[PDB]
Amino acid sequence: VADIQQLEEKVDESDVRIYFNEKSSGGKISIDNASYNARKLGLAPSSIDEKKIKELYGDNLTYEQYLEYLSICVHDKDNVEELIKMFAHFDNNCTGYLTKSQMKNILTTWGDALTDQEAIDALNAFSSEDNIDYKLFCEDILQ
């Protein structure tokens, strides 16, 4: 797992700092605004990451604790195959497609569930067609 030094070769710390200044109150940043900044930096935190940092430092992070959080958000082991296999689990006809409604159920049920409108919006933004090529979808979100 990325340390802060390595994080700072991957992202511009000038951005890291400016995004912190945008959201900080009292010299600290809330987990939710830290996750927002992580995403602006092209990182993808889950609730596992949020809860890990919260367990160490509480709801509001100093600048350095925010840097530690970002290092946890890097996820270098992410690959498209694992994402595809998750969806393919529900593709028992082995068609390569799931409908927007099927995709919605898969995304709003278990895990860090999206809201119905979040899942709907992400799916409509991806494709105007109802059949989603989930391999194409996974390749898109990973970039």
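Whichever C-alpha set is largest while still superposing within 1.5 Å between the two forms counts as the rigid core. Counting begins at 1, following the sequence as shown.
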property	result
Which of 31-39 and 83-91 strays further in 6 other deposited structures of this protein - Cα RMS after rigid core alignment	83-91
Stretch exceeding the other in mean C-alpha B-factor - 128-136, 10-18	128-136
Per the entry, higher mean C-alpha B factor between 90-98 and 47-55	90-98
Record-listed C-alpha B factor of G111: chain third	middle
Third of the chain, ranked by Cα B-factor, where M103 sits	middle
Cα B factor band for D76 (lowest, middle or highest third within the chain)	middle
Third of the chain, ranked by Cα B-factor, where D32 sits	lowest
CA B-factor placement of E68, once the chain's modelled residues are sorted into thirds	lowest
